[PDB]
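Participant: Questions regarding the structure given below will be posed in turn.
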Amino acid sequence: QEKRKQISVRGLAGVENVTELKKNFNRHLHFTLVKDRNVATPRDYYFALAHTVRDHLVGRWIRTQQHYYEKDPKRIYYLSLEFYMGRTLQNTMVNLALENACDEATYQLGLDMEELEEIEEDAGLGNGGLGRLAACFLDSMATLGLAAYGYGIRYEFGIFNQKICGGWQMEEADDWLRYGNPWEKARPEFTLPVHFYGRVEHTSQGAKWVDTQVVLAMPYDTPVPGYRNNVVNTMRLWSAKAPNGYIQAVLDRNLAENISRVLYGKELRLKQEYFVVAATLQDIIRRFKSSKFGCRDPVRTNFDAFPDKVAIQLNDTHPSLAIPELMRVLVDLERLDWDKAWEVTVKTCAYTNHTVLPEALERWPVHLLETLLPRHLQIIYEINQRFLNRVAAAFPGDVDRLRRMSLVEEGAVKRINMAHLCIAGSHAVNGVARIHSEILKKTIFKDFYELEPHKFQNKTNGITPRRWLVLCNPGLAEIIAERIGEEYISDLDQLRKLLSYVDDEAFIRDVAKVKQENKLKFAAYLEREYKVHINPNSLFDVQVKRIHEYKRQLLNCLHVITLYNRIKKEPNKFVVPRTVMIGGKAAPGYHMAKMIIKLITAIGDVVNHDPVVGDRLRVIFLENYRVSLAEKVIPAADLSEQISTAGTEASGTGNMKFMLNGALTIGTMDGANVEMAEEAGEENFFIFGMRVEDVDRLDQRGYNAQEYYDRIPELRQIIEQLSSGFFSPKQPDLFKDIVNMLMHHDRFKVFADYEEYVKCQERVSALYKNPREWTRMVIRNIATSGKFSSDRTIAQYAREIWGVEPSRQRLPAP
Amino acid sequence: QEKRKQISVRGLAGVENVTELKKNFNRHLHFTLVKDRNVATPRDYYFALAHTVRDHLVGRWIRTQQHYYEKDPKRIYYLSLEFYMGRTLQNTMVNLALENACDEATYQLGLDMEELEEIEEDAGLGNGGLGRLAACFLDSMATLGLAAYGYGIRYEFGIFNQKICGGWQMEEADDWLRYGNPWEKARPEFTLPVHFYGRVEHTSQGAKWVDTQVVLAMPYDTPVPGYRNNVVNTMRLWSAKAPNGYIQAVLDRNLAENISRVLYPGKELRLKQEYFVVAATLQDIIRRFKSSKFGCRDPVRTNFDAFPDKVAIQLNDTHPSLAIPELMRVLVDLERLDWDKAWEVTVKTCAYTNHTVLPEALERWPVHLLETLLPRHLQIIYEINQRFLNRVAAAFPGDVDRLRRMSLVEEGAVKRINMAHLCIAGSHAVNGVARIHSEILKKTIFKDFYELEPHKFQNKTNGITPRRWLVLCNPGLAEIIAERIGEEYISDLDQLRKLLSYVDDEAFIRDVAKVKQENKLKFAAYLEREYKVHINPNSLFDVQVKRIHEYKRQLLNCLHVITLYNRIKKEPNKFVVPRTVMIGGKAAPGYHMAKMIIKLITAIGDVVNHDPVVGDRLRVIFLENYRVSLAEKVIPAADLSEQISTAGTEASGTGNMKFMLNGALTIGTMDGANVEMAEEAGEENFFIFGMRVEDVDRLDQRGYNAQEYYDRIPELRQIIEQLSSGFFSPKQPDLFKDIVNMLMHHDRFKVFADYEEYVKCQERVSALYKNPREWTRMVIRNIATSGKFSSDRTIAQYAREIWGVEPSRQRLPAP
Ligand SMILES: Nc1ncnc2c1ncn2[C@@H]1O[C@H](COP(=O)(O)O)[C@@H](O)[C@H]1O
Ligand SMILES: Nc1ncnc2c1ncn2[C@@H]1O[C@H](COP(=O)(O)O)[C@@H](O)[C@H]1O
């Protein structure tokens with residue numbers, strides 16, 4: 001029966017117009033959601049619109065996936081334990097070019113689309129930079145036409161929502177799924193077993209992994225759209241499920257399931273890591289084998305073509321177990337011999353390093369691996385012996401480096417170094433900015449570099465101009481499009497054409513006008529949430545990193561208090577009004593970080609209620625900072641704070657976001673700030689403080705905070721205020737911990753950059769006075785931000801690591 | 001923004017034609033399922049078709065539910081712990097007259113709709129006749145245009161799938177939900193809390209239930225369509241969810257959650273199940289009562305004076321008996337009414353249906369269990385009991401013995417609360433399930449209550465839906481009936497009376513006989529392509545499909561089969577009327593006797609089916625995994641219907657009505673619903689054998705000794721020898737000693753007593769079967785006289801005599 005060539009997407013799309021969209025929106029409210037207008041809540045109207053947009057998303061998805069099965073390209077598998085997706089609705093509409101049509105449709109139906117947008121929960125799937133880089137990458141990979149996949153874990157509670165109670169961080173569950181996720185599709189049909197524990201039985205045949213405990217992995221598909229090229233790739237997230245003496249099988253059921261429950265560590269983190277690797281790989285091998293278009297059968301069983309058809313990117317060491325897992329499947333199940341299987345593994349795998357210092361590098365005790373992944377241990381020991389023989393022959397009689405490069409690390413209880421596992425198992429290893437990729441070959445991994453120099457590359461991070469310009473900042477996208485068109489949205493380097501407009505009067509005030517417009521929008525939100533009062537004409541001074549000593553929101557605080565003391569000593573002096581905003585989540589259990597949050601709010605209570613200060617200084621702690629808040633605050637920011645101690649940041653990614661939206665930057669010569677300053681010119685940045693070589697020199701002679709205390713009176717004053725209980729009148733000794741750390745054991749040298757930080761902030765105040773000059777510097781920043789598009793990043797990953805050609809040409813259509 | 005009048009169901013259904021259906025089948029496969037033809041499986045195409053059909057169903061649902069909100073009718077809530085629904089695909093297509101168009105649509109896309117229909121799981125939400133009754137009841141309530149809801153629990157594990165290996169029943173897990181269920185809709189929005197444990201705090205205010213442990217109940221709605229009248233009602237099933245230092249509150253997760261997982265082959269968990277369904281349902285009822293106004297979800301009404309006018313709760317058996325105390329709890333504790341008004345509201349609101357026959361089967365709970373789990377409800381039950389015993393003490397001054405006989409509290413080993421007594425005290429009506437049944441209720445088990453309030457006690461004889469059990473499952477039969485009398489009979493079964501005119505019509509006789517043979521031929525084929533078999537399709541189709549219980553007497557059947565066998569081996573050349581005797585039903589785990597019975601039936605088969613001399617004259621089949629979908633296949637194919645329960649042990653029966661509707665003649669006892677069936681059909685046109693209820697009483701009176709029969713029936717002794725010496729289990733000679741010793745020494749159910757009258761009655765059957773003309777004339781007489789046994793007739797009576805609403809057979813507008 002060829003009658004079923006009539007089972008097709010052919011003309012299910014419809015015309016994508018106002019007429020068809022509202023008929024569709026009505027289908028979904030009533031037939032999908034089983035509601036009517038009598039009962040429907042705003043959330044229902046959101047779900048009905050989501051499904052209406054989704055029909056058009058999956059139409060193109062079916063087409064893209066078909067195209068892959070008939071073209072048979074190299075498929076690229078992006079592995080991550082964090083996908084920081086944010087909201088989906090507006091993004092799907094801009095990328096499909098449906099925003100105009102939907103806005104009008106919902107309008108004609110009595111609905112307001114901005115309301116409905118604000119109802120969508122942030123996807124509880126990521127935590128910080130690691131996770132948003134993944135999301136930006138997904139969006140760029142689809143825009144550049146790559147057959148790409150995001151594979152991760154579907155977390156049922158993400159990482160906690162942050163609420164501030166009495167100035168203290170409290171954590172609350174993030175049940176972002178409680179009403180369901182319309183963007184996902186459960187696939188009960190593709191449930192796969194993931195094995196734990198057991199023992200290895202040595203048949204003189206192969207090696208069998210027997211007696212194991214089983215956990216079921218069930219996949220959820222979410223489609224991800226390219227920017228107006230009709231390609232729509234897959235994000236595929238695994239959910240843990242249990243199968244069905246004593247009924248302690250209850251414990252086994254509960255323990256199986258909390259693999260999907262939360263982010264962050266015992267067995268659980270390692271359980272989570274194997275889980276994602278083992279399910280993803282079964283999916284990988286399956287597609288490799290069943291490659292003939294229209295044909296479900298496993299037609300291709302020769303693995304010599306595996307590295308030509310599959311690429312696996314290991315985002316940090318979290319998915320590292322992919323290496324020995326791939327080895328397990330090829331040797332044990334597929335019965336290829338060792339050398340042949342290893343060559344395949346190495347050619348398939350690639351590793352990205354994100355972290356800066358040898359101690360954050362992931363390690364697992366042997367006894368743990370031995371108990372839970374006994375076969376994987378053997379495979380790791382085996383990889384290790386042959387890698388160390390390869391080292392032996394390349395560097396004879398060198399016993400020291402031999403044990404320096406070993407995957408097995410000695411001490412009190414042997415640990416296995418997963419970063420060493422990654423380097424040996426992959427054809428490429430990259431760092432995430434230029435300086436970071438350099439210290440990787442200089443220090444952290446020099447022994448490996450000397451063995452295989454070719455392996456080591458750089459790939460500077462980036463940001464999608466979709467979400468981080470066109471979506472969150474329509475005003476700025478617009479005024480740019482009037483001078484140069486909209487080619488820049490998928491080719492950011494074209495922003496340089498804006499350098500022709502540094503001296504155009506109309507453009508300078510249009511940039512100023514858009515900033516002011518975003519400030520007003522955000523200010524209004526900041527009143528109906530924090531119920532204070534923001535001066536929309538003040539300088540919006542923003543710092544939004546995660547709370548942490550090395551990120552130095554304590555250095556910002558000192559500046560805020562310096563500003564407060566000056567205003568109060570001379571209340572008649574003219575001052576540039578400032579709204580300082582600090583946002584970010586503190587890790588539970590990290591006590592100092594919870595203190596830093598309380599300090600920020602404590603200062604707020606004083607400065608926001610001093611009659612003398614008026615509206616010249618406002619301090620706000622931004623609650624529950626996340627992707628959607630970042631979309632609202634980054635556009636409205638004037639000053640971006642990147643003030644980590646030099647030598648501690650690899651990249652940074654939020655800085656790029658600020659640069660794009662017309663904030664000037666105050667930052668240290670560290671991470672992504674270096675290359676940003678390079679692109680823009682030093683004079684268009686506000687760099688201050690010690691460089692990395694200044695840090696080392698201070699370390700070498702010994703850091704004493706007391707030296708700075710003794711010679712800077714304005715600094716002494718603040719400490720005496722923190723000491724005496726000025727900022728916590730009820731509990732005078734509240735900030736005792738902070739003070740004693742600042743004075744006696746500060747690993748991150750806050751006092752040492754204090755002086756230059758405040759002089760710098762003064763130079764920042766002076767520029768702010770002259771809005772023409774201020775804006776012209778902003779234009780120079782914006783015109784010069786093209787490099788930090790993730791379209792540029794993924795194009796490099798594609799050509800230098802993956803061996804696939806980026807392509808901006810359209811896939812046909814449904 | 002008065003623009004939202006365009007947010008409407010208006011024209012979203014589209015024309016119910018081949019071209020729209022195939023288009024929408026494409027939308028659903030690709031957009032809803034996120035599949036294409038390259039990856040789709042038969043399962044996927046099933047889901048796609050289901051989603052296509054549901055579209056039309058919910059179109060009518062929205063309208064119906066709107067309609068109720070604007071007429072503000074008395075709304076009726078059918079509460080049950082079982083809903084034995086079966087498949088929904090075909091039933092929805094017939095009730096919405098979409099069957100032909102879907103069939104055509106699927107054909108043109110290169111699919112077989114019958115293949116697709118076979119994919120879908122039987123609804124695993126029920127067990128037996130209790131649950132199947134509710135499903136028929138829902139279908140009827142909707143056809144008769146009643147604002148009716150069906151409330152229960154969404155069970156995940158289903159029940160179990162019967163597998164037969166080596167003649168033994170093995171129970172497999174029936175996870176009918178692993179792939180989802182396109183017919184339901186989840187309502188996370190309407191998640192309600194249910195409370196457990198805690199303690200009661202007496203304040204000079206009211207009483208306060210505090211320190212409780214909380215389980216959340218999430219609803220799932222499923223539409224149920226009337227027959228071509230465009231009204232769609234709701235089935236609303238609850239699912240248990242746990243909320244979100246020691247993790248040992250992992251039990252809390254488990255101990256909740258598996259309230260939903262399982263039916264019960266009773267403990268704390270069983271009672272949690274009952275309170276769960278009740279507390280959630282009552283919150284939902286009151287909620288809907290308060291939201292009386294069209295277009296708005298405001299608590300517009302808080303005057304509970306009209307509650308009994310707007311609400312009817314139907315307590316099906318004692319399982320949801322806690323509705324009564326809970327309804328007192330909400331009204332007194334939460335709505336701060338005074339006890340007297342609330343009680344008057346409670347009694348006028350609830351009514352009780354007893355389904356069982358014996359004083360033993362009925363539900364009691366230890367007080368210490370209630371004291372711990374539902375501490376507030378125990379106090380309320382004690383208060384109810386105090387006041388109810390005041391009415392009794394007033395009615396019968398000084399009759400001390402009846403004060404304790406009628407009490408909700410039973411003294412004994414442990415103090416128990418009697419739920420049957422609770423239901424009779426808190427309801428305005430109580431009904432039996434057949435005439436004989438209802439009569440024994442006022443004569444025996446509730447005699448004391450009947451003397452108190454005789455008017456309380458009604459009969460509502462059970463019934464069956466002519467949609468599922470005629471039109472749907474026997475399309476061949478419904479068609480040849482329609483030719484003579486039209487198709488008005490489908491919602492007015494009485495109209496089948498007009499078939500009596502046609503008893504001597506030769507064309508109708510050959511049509512009825514031809515339809516029968518067609519189904520026989522068709523069911524025999526299903527037997528071949530689904531199992532190793534044989535089956536002479538011309539033989540008399542002898543069918544018993546109950547559940548396996550000593551009282552059901554599939555052993556009386558066995559003894560008859562072996563009787564025949566011996567005769568065929570005594571006189572091989574003497575013509576015997578060929579028979580295929582088929583026995584189906586599930587044992588119930590733990591019941592040691594039932595599993596032995598199944599083994600016995602199969603072990604008989606092994607011998608008989610493979611005996612050369614017997615040939616194709618006698619075949620014995622155990623029918624694996626009996627359920628609604630199989631019922632639909634076997635029932636239309638049956639010639640003879642075994643309803644042979646020991647007299648007075650079956651309350652009604654319901655399968656018996658199915659066989660009668662479908663051209664089978666009945667062999668049965670003067671028991672349950674048979675009494676009324678023979679009353680309609682005429683004694684003449686029914687094979688009624690064995691002791692009557694009063695002969696059973698009289699055998700207990702003189703004492704039952706099975707050895708008497710053994711000694712005066714030579715044909716019976718031989719059968720016992722064969723089972724004992726291992727003629728049916730040569731590898732395990734003593735396999736059936738448990739059965740022998742039960743039959744011979746302690747038969748609670750008198751199998752030997754009816755043995756002789758049974759076998760003679762079977763011979764009159766075999767004789768009549770020899771004359772196809774006369775056999776069919778009798779069949780016609782059964783079918784044509786089946787009208788009483790429509791569940792429509794039943795629901796009408798419930799509506800008019802218990803709920804105080806008027807049935808309406810009129811068509812609601814249209815999409
Ligand atoms: N063998 C195939 N031929 C054509 N299309 C396919 C094939 N396998 C999968 N697809 C498409 O790719 C999608 C994703 O399937 P998979 O890659 O198997 O997870 C499916 O929805 C199909 O639309
Ligand atoms: N106040 C109302 N006015 C009109 N229709 C309603 C109203 N409340 C509920 N409905 C309809 O009845 C259905 C069931 O709602 P409920 O009775 O709240 O379970 C809803 O899906 C609506 O279609």
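Letters A, B, ... go to the chains of the structure tokens in the order shown; residues in each chain start at 1; ligands are counted from 1 in the same order.
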Tell me as a ChimeraX atom specification which residues belonging to chain B come within 6 Å of chain A, counting only C-alpha atoms.
Facilitator: /B:1,3-4,31,38,55,109-110,179,188,295
Participant: Would you mind exporting C-alpha atoms of the selected residues as a PDB file, in the first residue's frame?
Facilitator:
ATOM      1  CA  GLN B   1     -11.497  43.932  24.619  1.00  0.00           C
ATOM      2  CA  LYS B   3     -13.368  40.921  21.230  1.00  0.00           C
ATOM      3  CA  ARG B   4     -13.077  37.495  22.913  1.00  0.00           C
ATOM      4  CA  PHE B  31       1.859  18.019  15.375  1.00  0.00           C
ATOM      5  CA  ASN B  38       8.908   7.009   8.491  1.00  0.00           C
ATOM      6  CA  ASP B  55     -11.670  16.414  18.745  1.00  0.00           C
ATOM      7  CA  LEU B 109      -4.642   6.617   3.929  1.00  0.00           C
ATOM      8  CA  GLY B 110      -3.683   2.947   3.679  1.00  0.00           C
ATOM      9  CA  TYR B 179       2.296   5.023  26.556  1.00  0.00           C
ATOM     10  CA  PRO B 188      -2.849  20.119  37.315  1.00  0.00           C
ATOM     11  CA  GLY B 295     -19.547  32.900  32.880  1.00  0.00           C
TER      12      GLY B 295
END
Participant: Quick one: residues within 6 Å of residue 131 (chain B), only C-alpha atoms, excluding same-chain residues fewer than 4 positions away - as a PyMOL selection string?
Facilitator: chain B and resi 82-84+126
Participant: Show which residues sit within 8 Å of region 90-100 of chain B, as a PyMOL selection string. Count only C-alpha atoms, and ignore same-chain residues fewer than 5 positions away.
Facilitator: chain B and resi 16+53+57+117+225-228+230+467-468+472
Participant: For those residues, write C-alpha atoms to a file as a PDB file, in the first residue's frame.
Facilitator:
ATOM      1  CA  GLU B  16     -17.627  15.582   9.712  1.00  0.00           C
ATOM      2  CA  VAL B  53     -12.069  11.437  17.098  1.00  0.00           C
ATOM      3  CA  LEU B  57     -16.022  14.529  21.413  1.00  0.00           C
ATOM      4  CA  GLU B 117      -8.828  -0.762  17.224  1.00  0.00           C
ATOM      5  CA  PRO B 225     -20.845  10.485  24.947  1.00  0.00           C
ATOM      6  CA  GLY B 226     -24.551   9.742  24.833  1.00  0.00           C
ATOM      7  CA  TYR B 227     -25.957   7.967  21.806  1.00  0.00           C
ATOM      8  CA  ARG B 228     -26.275  10.499  18.969  1.00  0.00           C
ATOM      9  CA  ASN B 230     -24.831  15.341  21.320  1.00  0.00           C
ATOM     10  CA  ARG B 467     -25.021   0.507  22.575  1.00  0.00           C
ATOM     11  CA  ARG B 468     -21.943  -1.516  23.625  1.00  0.00           C
ATOM     12  CA  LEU B 472     -21.329  -2.118  18.753  1.00  0.00           C
TER      13      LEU B 472
END
Participant: Please write out the residues within 10 Å of ligand 2 as a PyMOL selection string, counting only C-alpha atoms and all ligand atoms.
Facilitator: (chain A and resi 30+33-40) or (chain B and resi 58-59+61-70+149+187+190+219+221+233-234+236+284-285+287-289+291-298)
Participant: If you measure from CA of residue 634 (chain A) to CA of residue 542 (chain A), what distance in Å do you get, rounded to one decimal?
Facilitator: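 Computing it gives 8.3 Å between the two atoms.
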Participant: Would you give me, as a list in words, the residues in region 430-564 of chain A that DSSP reads as strand (DSSP E)?
Facilitator: residues 430, 431, 456, 457, 458, 539, 540, 541, 542, 543 and 544 of chain A
Participant: Would you mind exporting the chosen residues as an mmCIF file, in the first residue's frame, restricted to N, CA, C and O atoms?
Facilitator:
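Contents of the output file selection_3.cif:
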data_model
loop_
_atom_site.group_PDB
_atom_site.id
_atom_site.type_symbol
_atom_site.label_atom_id
_atom_site.label_comp_id
_atom_site.auth_asym_id
_atom_site.auth_seq_id
_atom_site.Cartn_x
_atom_site.Cartn_y
_atom_site.Cartn_z
ATOM 1 N N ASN A 430 40.014 22.200 24.118
ATOM 2 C CA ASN A 430 40.019 23.654 24.032
ATOM 3 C C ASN A 430 39.692 24.378 25.319
ATOM 4 O O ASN A 430 38.969 23.879 26.188
ATOM 5 N N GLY A 431 40.288 25.557 25.409
ATOM 6 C CA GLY A 431 39.944 26.567 26.379
ATOM 7 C C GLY A 431 39.045 27.571 25.708
ATOM 8 O O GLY A 431 38.784 27.494 24.503
ATOM 9 N N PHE A 456 45.659 20.901 21.217
ATOM 10 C CA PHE A 456 45.180 22.061 21.980
ATOM 11 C C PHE A 456 44.814 23.256 21.103
ATOM 12 O O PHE A 456 45.617 23.725 20.296
ATOM 13 N N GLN A 457 43.580 23.722 21.260
ATOM 14 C CA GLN A 457 43.063 24.837 20.478
ATOM 15 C C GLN A 457 42.475 25.882 21.401
ATOM 16 O O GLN A 457 42.297 25.650 22.597
ATOM 17 N N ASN A 458 42.187 27.045 20.840
ATOM 18 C CA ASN A 458 41.335 28.006 21.514
ATOM 19 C C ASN A 458 39.994 28.081 20.802
ATOM 20 O O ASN A 458 39.917 27.872 19.600
ATOM 21 N N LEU A 539 22.685 56.921 36.918
ATOM 22 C CA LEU A 539 23.536 55.967 36.219
ATOM 23 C C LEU A 539 23.206 54.564 36.714
ATOM 24 O O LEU A 539 23.355 54.279 37.908
ATOM 25 N N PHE A 540 22.756 53.692 35.812
ATOM 26 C CA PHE A 540 22.400 52.327 36.209
ATOM 27 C C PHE A 540 23.654 51.444 36.234
ATOM 28 O O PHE A 540 24.163 51.014 35.185
ATOM 29 N N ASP A 541 24.133 51.187 37.452
ATOM 30 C CA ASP A 541 25.393 50.500 37.714
ATOM 31 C C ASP A 541 25.099 49.063 38.179
ATOM 32 O O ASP A 541 24.603 48.845 39.279
ATOM 33 N N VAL A 542 25.436 48.094 37.331
ATOM 34 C CA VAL A 542 24.957 46.719 37.468
ATOM 35 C C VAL A 542 26.101 45.714 37.618
ATOM 36 O O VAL A 542 27.107 45.777 36.923
ATOM 37 N N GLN A 543 25.929 44.785 38.541
ATOM 38 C CA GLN A 543 26.825 43.646 38.664
ATOM 39 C C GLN A 543 25.971 42.410 38.931
ATOM 40 O O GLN A 543 25.294 42.319 39.957
ATOM 41 N N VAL A 544 25.999 41.472 37.992
ATOM 42 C CA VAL A 544 25.214 40.249 38.098
ATOM 43 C C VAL A 544 26.067 39.050 37.716
ATOM 44 O O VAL A 544 26.076 38.613 36.567
#
